[PDB]
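Accompanying notes for the structure given below.
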Amino acid sequence: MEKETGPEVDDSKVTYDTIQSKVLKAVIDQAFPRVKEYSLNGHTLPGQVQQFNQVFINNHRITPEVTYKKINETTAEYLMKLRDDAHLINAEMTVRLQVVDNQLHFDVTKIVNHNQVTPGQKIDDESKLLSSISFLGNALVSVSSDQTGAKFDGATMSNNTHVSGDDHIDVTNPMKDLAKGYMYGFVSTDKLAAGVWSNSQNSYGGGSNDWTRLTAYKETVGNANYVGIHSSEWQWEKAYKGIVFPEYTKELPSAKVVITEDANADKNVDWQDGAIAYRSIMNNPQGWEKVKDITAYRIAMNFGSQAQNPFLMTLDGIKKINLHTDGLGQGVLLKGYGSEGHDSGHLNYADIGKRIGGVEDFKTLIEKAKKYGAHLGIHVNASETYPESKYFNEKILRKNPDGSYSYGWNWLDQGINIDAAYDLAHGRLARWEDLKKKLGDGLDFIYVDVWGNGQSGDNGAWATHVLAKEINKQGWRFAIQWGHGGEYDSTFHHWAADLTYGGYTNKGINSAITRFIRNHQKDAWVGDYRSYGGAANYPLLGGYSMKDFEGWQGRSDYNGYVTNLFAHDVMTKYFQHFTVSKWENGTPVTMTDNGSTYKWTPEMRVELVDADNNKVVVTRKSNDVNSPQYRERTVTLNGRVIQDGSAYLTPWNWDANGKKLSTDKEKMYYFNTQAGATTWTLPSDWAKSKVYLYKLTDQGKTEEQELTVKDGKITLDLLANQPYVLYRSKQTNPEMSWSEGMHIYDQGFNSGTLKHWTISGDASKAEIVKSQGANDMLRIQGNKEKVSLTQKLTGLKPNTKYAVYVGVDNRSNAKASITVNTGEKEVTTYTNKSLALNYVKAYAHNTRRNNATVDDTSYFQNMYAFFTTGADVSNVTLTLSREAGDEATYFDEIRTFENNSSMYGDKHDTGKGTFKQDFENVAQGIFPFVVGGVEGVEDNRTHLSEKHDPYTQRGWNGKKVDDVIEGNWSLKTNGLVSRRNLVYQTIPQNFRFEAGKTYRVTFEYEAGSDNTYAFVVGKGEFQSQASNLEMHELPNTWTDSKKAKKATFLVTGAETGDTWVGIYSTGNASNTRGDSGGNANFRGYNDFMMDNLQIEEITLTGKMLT
Ligand SMILES: CC(=O)N[C@@H]1[C@@H](O[C@@H]2O[C@H](CO)[C@H](O)[C@H](O)[C@H]2O)[C@@H](O)[C@@H](CO)O[C@@H]1O
Ligand SMILES: [Ca+2]
Ligand SMILES: [Ca+2]
Ligand SMILES: [Ca+2]
Ligand SMILES: [Mn+2]
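Numbered according to the authors' numbering, the sequence shown spans residues 316 to 1339, 1345 to 1426.
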């Protein structure tokens, strides 16, 4: 390429003025808000050196009519009249340029559109809107190839671990052309660096073209090439289908430049100095301050009406983690906080799940969690909904160009995507407001799932900023699913934080420039996941690694959760307590993974600092990618080694909420992924102190040991993959008030003792034991007389109807019971040997081997008693008992909660009399049934369906069957046809068909096809050696009927006491009647619904005999 030339600059017709602070002077054109040049400490950076007195309004070129006024020494103002009759533009905008110390601020302070526009109302011609304002062509700052050290550095979005989003371009003549959008951009000489911020929500496309709030352009002027950074175009008045968006969607255009000399004392001026200075002018995502202290993120899941994780139970998990981490901060995403759980009832944000304890228990959870530094978030959806939801309406649904529905997720029900632009234009904001009104204060984050994938249409930068602003206005922090989503406002990205998702192309933001700037403000980065290579092969700053134990994707591994916190997250979060100050790359390495051999340039040393001038230096141990030392670092704090390779001994000076600790509470954490002794130099304020070591378990600080300090050093030779904490004085573990608000002490057997129970019988026969998943449970075995454990149920309301259950897995034939005595009445329920395996994937005691009870299985099922308090609640007792037997019964999770069912002879309490289930007041699950093994351990596709006429009922969009038969609720199974397996069954603890007694079982049902589902009678444990079943295939209910059909069956209890009834998915093919895809799922061909179950003990007389 040959040396380039362009027009020189003739400014004979230009009048300049100057504005200046004490440190920065800007030469500005009086004709147009353009900075020609900046001066700071005798050094200069050009701005826009060639006049370009045009703007683009609604993508039309306009020569503005400008009047100028210098307001004060630092500030000038321009009134800019905009007229283009042919394109219906008639407007004016006021712009101010203002110097603030070493910053230049560009603000559009006022916009007047002379066309009549009313936010929220119809507009007959959208071209009358003033929708976009572009000052492209006027660089806010630049650098010339004639200047020494001229360079440009910019970041674009990349989520591919192999591909950096950053460009580093020497500004030379000649050079390659440049006309490209960027998220962050810096120009620098060897004397000055500048960074540019804009609130522009411009996009030039997806991927690396998105979030492009800046545009960099090469311009040749005389004999020099300039690279300038421009703000990308801004948005203003916008509409959807002629309906103008609300006023809050309009944000006045703003951009800033900051100019700096050396800012990290390395005696070089480059983009890193610009990036440090940039933190003073940049947007900061709301709630970012919290991020550095949220060390323990995880999901607590509810799903399908099951109430796997009641709000008050999550508080006990928080307490376990508080103990085990010695008071690290936590963030629990409640996936299923609403409606019947996860993926139920979307859009009705205020519909807080009733079966998990409703708004009352959610408020208690939020309030009580504060002292443990545990922040709650909720999973919501702004992209699709289901007929059941209050907000399902034809008007909100997304339709394809051909008129068909844009079908969304199908799982419990078939959802339809919504049109998010329509939604914004029609009151979306009020749904968030309703949630805030109901829930009140203290919720931390809203996690918006899906958004960013286009299901609901445009989910790009502008639309996401609007959505985030609605959420932030309620006081909530914004979080999203995708690595590329919400770059401007998000503080957490599930696909960045869960390293296992999506593979190497779908992870966090692969940009050193971006991470340098924002590492401390969000979990949005590339974490350590060696099999993805590139940036993910041992990032020096770590990167959040999220695991779970409360049911998300069937995750139950508590111990693995805690070890992962210490293996990845403690040091990740430690670094977020500082800001990056220096970043040094090494030489390129060659890697091979994921089907490619590629070059990657790794970071070798990163320095960070805090406001107290602490200095942290993180160094990769080798640049050799085939050496084990490539995946090792040293970390020093003010020169003192706190990590080397597999081990760290790290100070931690912040409480769970991030507040500075008192001197006597300052501590150090030790963790080593390998066996072996390590030696550490203590800091001066520890070196002459006594030092105590504690092993951290789910019981808190254990195995106190005073350490020997020699020559101001300690040596630690402790268990691998095990957290320890050190203090300078003896520490104890606090009272945890286990299960507060749940009416019983320690419902999950987490407190390491049974002393709060009154035990009747031989106490040696009752012990707390660990399941195969390390879940603590009460075990009773080997007892020759009854053993009982009793507590008072405390804090109950007088004259109130309640349910209580205990999870029970009984391996003995002996009677295992739950008994409530209210002071005025006693009720009891029992099980002999359990006969139904647990198939609820989000439930901690499902039958997956790694959270099995014992012998690789789990038969846990909730065993209920229903009772009513009298006038006095000072002596209500709960007793768990086990009659004589050799084998074990396991109990866990005692939940006592208000419930208004009337199942027993039309009365609430456990008692005699006809059994009826109208599904209108179910405590949880699908009682008296429990989900069967049709889908194995699954987020089971059977749940309680909720009525929303007409959408859930026959006739809407051709629906063949009602989701709900009578009242507001039925028992629905979605599409589980042709499976040859049991969908659900009664179990004797829920309903016992007594030996030799005969019952009439009646229910009403919908079935979308003939003989796809069958009513079945079984006994004992079902085996799919397949079990004998009495089989009654059921006809469809709509081809020859306008409503649900009634079915009636006689069932005699087997002498073994283990008879049950259920619904079975046959081997027959269903019939979708020529429909396919979403229509076929929606319309219910493959569905089964039950309601109005009745089971009545009868004596066979007269014609019953036939
Ligand atoms: C990975 C993730 O968050 N995916 C979302 C889906 O989540 C799935 O939800 C179903 C139940 O509906 C089940 O629990 C799966 O295990 C879980 O991965 C789902 O919420 C959809 C809804 O459109 O969004 C994501 O794909
Ligand atoms: Ca520097
Ligand atoms: Ca437990
Ligand atoms: Ca009903
Ligand atoms: Mn439903």
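Each residue gets a CB set at the ideal place from its N, CA and C atoms; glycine is no exception.
1) Per the DSSP calculation, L1413 is bridged to which residue(s)?
2) Among the residues of its own chain, which have a CB less than 8 Å from the CB of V956, if the five just before and after it don't count?
3) Based on DSSP bridge pairs, tell me the residues matched to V1292.
4) What's the gap between the Cα of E548 and the Cα of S515?
5) Measuring straight from C-alpha to C-alpha, what distance separates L1195 and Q623?
6) What is the rounded straight-line gap between the Cα of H892 and the Cα of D925?
7) Can you tell me the Cα-Cα spacing of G991 and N1036, whole angstroms?
8) Could you compute how far the alpha carbon of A1118 sits from the alpha carbon of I681?
9) Identify which residue in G1220, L855, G1248 and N374 has its Cα closest to the Cα of residue 1427.
10) What would DSSP say about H661, mapped onto helix, strand or coil?
11) Let me check you understand the geometry: is the CB of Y816 closer than 8 Å to at least one non-hydrogen atom of ligand 1?
12) Compare the C-alpha of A827 against each of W586, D773 and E981 and name the closest.
13) I need the DSSP call for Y1328, collapsed to helix, strand or coil.
14) At 3 residues or longer, what runs of the beta strand (DSSP E) sit wholly inside the stretch 537-597?
15) One question on the structure: do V572 and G510 come within less than 9 Å of each other, judged by their Cβ atoms?
16) Can you list, in chain order, the stretches of the beta strand (DSSP E) that have 3 or more residues and sit fully within the stretch 1250-1313?
17) What are the start and end residues of each continuous beta strand (DSSP E) run of 3 or more residues lying completely inside the stretch 729-816, in chain order?
18) May I have the straight-line CA-CA distance separating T1288 from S911, to the nearest angstrom?
19) Suppose the cutoff is 8 Å on Cβ atoms and the five residues either side in sequence are ignored; what does the same chain contact list for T1211 look like?
20) Based on the DSSP secondary-structure assignment, which residues constitute the bridge partners of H483?
21) Nearest to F626 by CA position, among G668, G602 and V606, is which residue?
22) Measuring alpha carbon to alpha carbon, tell me which residue in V1381, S1173, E1319 and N1348 is nearest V1331.
23) Under 8 Å from any heavy atom of ligand 5, does the C-beta of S659 make it?
24) Heavy atom of ligand 2 less than 8 Å from the Cβ of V584, yes or no?
25) Among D959, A1002 and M1178, whose alpha-carbon lies nearest the alpha-carbon of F986?
26) DSSP three-state label for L1111, please.
27) Nearest by alpha-carbon distance to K396: which of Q418, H429 and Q413 is it?
28) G1185 and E1235 look like a contact to me (Cβ under 8 Å); what is the Cβ gap, rounded to whole Å?
29) Looking only at its own chain, which residues have a Cβ that is under 6 Å from the Cβ of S1004, when we skip the five neighbours before and after it?
30) Beta carbon of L727: closer than 8 Å to some heavy atom of ligand 1?
31) I'd like to check one pair, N617 with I671: are the Cβ atoms closer than 9 Å?
32) Does the Cβ-Cβ distance between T1257 and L1297 come in under 9 Å?
33) Kindly confirm or deny that the stretch 779-793 and the stretch 598-616 touch, where touching means at least three C-beta pairs closer than 8 Å.
34) In terms of residues, what are the limits of the alpha helix (DSSP H) holding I667?
35) Let me check understanding here. Comparing Cα to Cα, which of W898, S1390 and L1370 lies closest to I1418?
36) Which residue comes first and which comes last in the alpha helix (DSSP H) that contains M886?
The structure says:
1) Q1232
2) So the qualifying residues of the chain are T949, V950, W995 and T996.
3) Its beta-bridge partners do not exist; DSSP assigns none.
4) 6 Å
5) 21 Å
6) 7 Å
7) If you draw a straight line from the Cα of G991 to the Cα of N1036, it is about 12 Å long.
8) When rounded, the separation of the alpha-carbon atoms in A1118 and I681 is 24 Å.
9) Nothing can be reported for residue 1427: it is not among the residues displayed for the chain, which extend from 316 to 1426.
10) coil
11) yes
12) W586
13) strand
14) 539-546 and 569-575
15) yes
16) The stretch 1250-1313 contains these whole beta strand (DSSP E) runs: 1257-1261, 1284-1288 and 1296-1301.
17) 729-732, 760-764 and 792-795
18) 45 Å
19) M1057, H1058, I1059, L1108, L1111, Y1117, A1118, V1119 and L1193
20) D468
21) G668
22) Closest option to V1331, Cα to Cα, is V1381.
23) yes
24) Checking the 8 Å criterion, the Cβ of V584 is within range of a heavy atom belonging to ligand 2.
25) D959
26) coil
27) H429
28) That belief does not hold up - the Cβ atoms of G1185 and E1235 are roughly 25 Å apart, past 8 Å.
29) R1043
30) yes
31) yes
32) It is not a contact, given that the beta carbons lie outside the stated cut-off.
33) yes
34) Where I667 is concerned, there is no enclosing alpha helix (DSSP H), given that its DSSP letter is neither H nor E.
35) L1370
36) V885 to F890
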